[PDB]
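Here is the structure we will look at.
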Amino acid sequence: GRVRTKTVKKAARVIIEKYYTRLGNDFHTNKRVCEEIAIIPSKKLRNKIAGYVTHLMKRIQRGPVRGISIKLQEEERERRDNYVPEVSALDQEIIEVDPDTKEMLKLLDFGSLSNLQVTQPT
Amino acid sequence: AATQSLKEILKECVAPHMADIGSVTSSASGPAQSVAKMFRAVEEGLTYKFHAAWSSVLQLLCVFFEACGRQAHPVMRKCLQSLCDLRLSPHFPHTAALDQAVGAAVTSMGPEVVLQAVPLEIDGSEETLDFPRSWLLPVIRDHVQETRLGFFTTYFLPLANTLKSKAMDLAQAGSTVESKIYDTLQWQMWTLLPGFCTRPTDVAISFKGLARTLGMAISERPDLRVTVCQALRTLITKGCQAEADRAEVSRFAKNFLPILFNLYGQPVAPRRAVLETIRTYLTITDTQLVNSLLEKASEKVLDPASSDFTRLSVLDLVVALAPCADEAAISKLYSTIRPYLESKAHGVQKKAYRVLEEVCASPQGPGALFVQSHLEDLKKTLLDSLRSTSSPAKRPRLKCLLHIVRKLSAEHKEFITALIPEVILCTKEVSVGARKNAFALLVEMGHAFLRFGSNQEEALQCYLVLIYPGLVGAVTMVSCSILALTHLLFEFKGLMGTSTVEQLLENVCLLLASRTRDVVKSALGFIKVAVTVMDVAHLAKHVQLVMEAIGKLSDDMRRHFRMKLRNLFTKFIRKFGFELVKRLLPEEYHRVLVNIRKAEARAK
Amino acid sequence: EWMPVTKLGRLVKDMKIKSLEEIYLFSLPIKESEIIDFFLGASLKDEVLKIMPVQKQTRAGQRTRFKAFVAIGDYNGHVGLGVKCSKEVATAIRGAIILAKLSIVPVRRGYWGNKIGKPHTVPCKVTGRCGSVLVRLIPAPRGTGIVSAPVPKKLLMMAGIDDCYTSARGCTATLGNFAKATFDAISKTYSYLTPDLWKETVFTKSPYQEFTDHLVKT
RNA sequence: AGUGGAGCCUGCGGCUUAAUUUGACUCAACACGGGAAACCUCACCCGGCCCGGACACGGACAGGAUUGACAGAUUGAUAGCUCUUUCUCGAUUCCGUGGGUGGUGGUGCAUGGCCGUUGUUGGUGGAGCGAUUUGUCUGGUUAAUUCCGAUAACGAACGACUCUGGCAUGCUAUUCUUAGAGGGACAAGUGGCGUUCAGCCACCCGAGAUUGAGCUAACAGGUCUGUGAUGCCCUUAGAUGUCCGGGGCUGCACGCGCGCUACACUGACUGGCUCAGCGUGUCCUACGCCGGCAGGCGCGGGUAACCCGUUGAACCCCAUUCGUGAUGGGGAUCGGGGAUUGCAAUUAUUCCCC
């Protein structure tokens, strides 16, 4: 007969653990998304992983919906990883600058800066 | 013991008497009140005090539900609520048993009253994301068989529609986790329909409310389509028992056929599920619409302004339409298809041979009348198209020959003796399906020659001497003939006559001297089949010859075919003495021989 | 069957790297012995310099082990030196052979007088030092042979040095220090700069930068 | 609770003996050799019959070499392995002389046969010329290099293998020939059987749902008696020679130790009372008779949850006598009888009664 190998199983396990959202019911869309997610050099075991993720998502979809719910922090860790504010924190209106730093900027031809404020050491 | 006993009373003592007792309520008087006492006791036996017999208790509730649900429904809602409450435990080891018990209750009941007992809390807009009763949808999917379809309409259409709308609304809203969960939930809700289509009781009145809905769901909802197709298929397979139901299905078939044809013929999709649905849905429709669609499909095929993909799709539709037509349409389709058997395109020839297989597949009906009407022309055409048959087209064609050998008359020996070498060459064809068909077809000629004479053994001897010269020619066709004899030795075991088999075995040893690996492998398979099949008392006369023949084979073919020789030595050592084979083999094989002993030592 | 792990091993397994000197050109670490067995192969000869037993002191007691000093050499070209201690003498020998293959270095051969024919001796007098042992190699005229103690004689014959004068200093009685010192000197043959190598070096592409399109595939 | 103190018994030393057969000496020496030895079981002792190789040489034998043997007389033994009786047996020979000549020899060395599966320290990396070190650890935890974690260390031990074909009117110098690359097949889909999860079957589509190449050898996994014209030492100095009769293994001043019975009044004697379980049996016994009692006789069951056997147990309980002393406690050691076991009980086998 035929039996699945351990490498395809563990790679498919990592793939379902990471990006459950992108996978779908059709087989070749699973194949192409698995192709573009990770680095797999050879075609055959990539197709094996595609078949195995298709099988396990058919198995998971039949399973009562709660496994899918507990996959909630993955996206928050992702949205946190890629969070930016609306206004840049480096875009400050007035920045305090040492007199020696001001001399360095004057000697380096940026003497016409407008956002600078020279604070003398008191 | 107590569980088996209580199950025996529930199965034999109370189960046949549901019709006499009738429905029980909380205010029963006679034996119905005793059935209420039955359920009260078996529900009281579910509490925390037991906590170890829960497998047995849940089995008892399961058999109680499947015995008495339909007429004990007003009282068991409290125990259904308790069973739903028990699954909310942190660590419940009896989840499968509880699911089986709730499924048995649903199977005896139907989803409506048990949803009145334990409601689904996925009704539209929820606050949290941890649905506590999400197992009810798999339970309903796996265990609804005998309820009404109108409940499915009036409950599962608007709520699933709102869940789909909410999922897509959240899909443009950025949240992609809740949308996926709601899409999975609504797809799970749409998988209940094959369960609802199992044995409906009002499908003569409720199918009118689902025809346009199922049409639009199979038209512009791809994610449901397979299940949708399965639903209709499931319905047919166990729902056209009555006549008004089948009349309603045909009355809506007159609308569903163009839609399914357009979905199958579109370019790119689950084409094979649509094809199976079309096949069954043509087997349950009136023949005049079959003739009209067959004429339209023949017009579409014969049109030269059609693409190759469109031509192949309409040929698949022709394949589906072929076994369900009348005699005139089948004859006209055969007359149109007959010149296509010599086409150089392998796909067109494959579809034509599939048409010929499908029209000959029906044992009764207009296909059988067409077969007895055109047997001579079919034989002449199939013998004429033998030379120019492509390699994939071998796979259906043999089956078509199968479908014309099973009802073949006595004066047809020339056709068989002309088809035989093609059948052997197909026993060594590339396709495994073609090989299976050729093996089954050789078996079919074996049965067909058991009807042309009074004595079976001489008829099989004639059948063998019709295939004996094939052991003489080219190397690949000699290996073909050895594989054919290897297959033939397995079913008609004693009917050849062992001595004749022995002669064949001796000839195999000569072909065991060949340099080619395929011939040696086929000889080893024949030797294995002969050791399995023919008697040890006649083996003992012929052990020495075959074991000497395998003894002086080579080094290379001994090393390559080590597992087949290992199995042959195992079978010989099991069937005879280890020591006789030990002396009469050459040196090196001794080592392999001794290994078999620990199998006989340590399989015990 | 050899399945390489390093990028260098994968390039050597294919027909991308033609000679071992390319690996010497870019000073790359050789981590697989099959590269040496691929390029030099049957030309390599190996002499066991010394097998000696030790009693390694463990908490169960003193257990006997064998330490092998093995010099391997492509004649007219390359040498390596390896030391391995193991339980069995054959295990120690094969480990020392592997370790000496990993440490194969090329040696420079020059001329004593006029430059007619193939180079035979060292180009200049070179010195290798290991643990108070000093080994000095002096160019010799053709036909003299290796005038040395037996251990550097073995290494210098395996180097393809036809003839050389030798001067050793220190505790020569310890064999490992002596072999490592003469190995150090015959490596310093290419560590040395002469007026021959005064022209500016044109820089070619490294094997990792030249066959990167092949290396992304595997 | 005792042991060590006492009587008896057993073990080891020692002492005796013809022999008191034997390995082990503070756990693993000490009721271990199933070893509770009257014949065997014995390894010991005292005596007595018997014969103990091939080859070479010299004799006898067919004018019997030698084998077999009934009765009787002998020695400690029914010794035709001697005499009276010498009757048969047809070469299957036995009488001396010899010889590093030895063979049913002893022991060592070398290597192989019978069975299958395919806390220690390495491997790689870092440090040191090297012995070495790191891994194998601050802390907490654990029986523990265990676990959490830190961390120049990371990993470990004690035909389901690898490659690969069918079809490309696609890219490359390209639909008919090329040879590089890119596709395509993944059990993908369907229906059943299935712990509803591993898997199995069949089928549609598809060129392909499996067509070809490569992989006796290794073992420390177990364990055991074959090959050498093998080395030595022995061979009427039998590597325990067979058999026969009788002894001994028990002998006893003494040390070191396991045990049983006791020194009594919380007890000894006599009568009555009432309760088990693990196990056994073709020798376990039921019943009746003769018996003071050990035991005999005639009868049945049980090859066994059936018959022994409701296992009818003893301590214990209730009454009688004794009354603080070598006592009626304690029973050794002796003197007589009787009965079984066994060829045989004298050096008491055992049991019973004064």
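Residues 59-276, in that order, are what chain C shows, numbered as in Swiss-Prot.
Every residue gets a Cβ built from N, Cα and C, even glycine.
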Phosphothreonine according to Swiss-Prot, picked from C:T185, C:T230, C:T270: C:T270
Cα distance (Å, whole number) from C:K263 (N6-acetyllysine) to C:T270 (phosphothreonine): 11
Between C:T252 (phosphothreonine) and C:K263 (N6-acetyllysine): CA-CA distance (Å): 25
Intermolecular Cβ proximity, recorded positions C:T252, C:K263, C:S264, C:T270, C:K275 versus chain A, under 8 Å: C:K275
Residue among recorded positions C:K263, C:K275 with least C-beta crowding, 10 angstrom cut-off: C:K275
DSSP three-state assignment for C:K275 (SUMO1 cross-link): coil
DSSP-derived helix, strand and coil totals, residue by residue, for the domain 'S5 DRBM' (C:102-165): 14 helix, 40 strand, 10 coil
Alpha-carbon distance [C:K275 (SUMO1 cross-link); C:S264 (phosphoserine)] in Å: 18
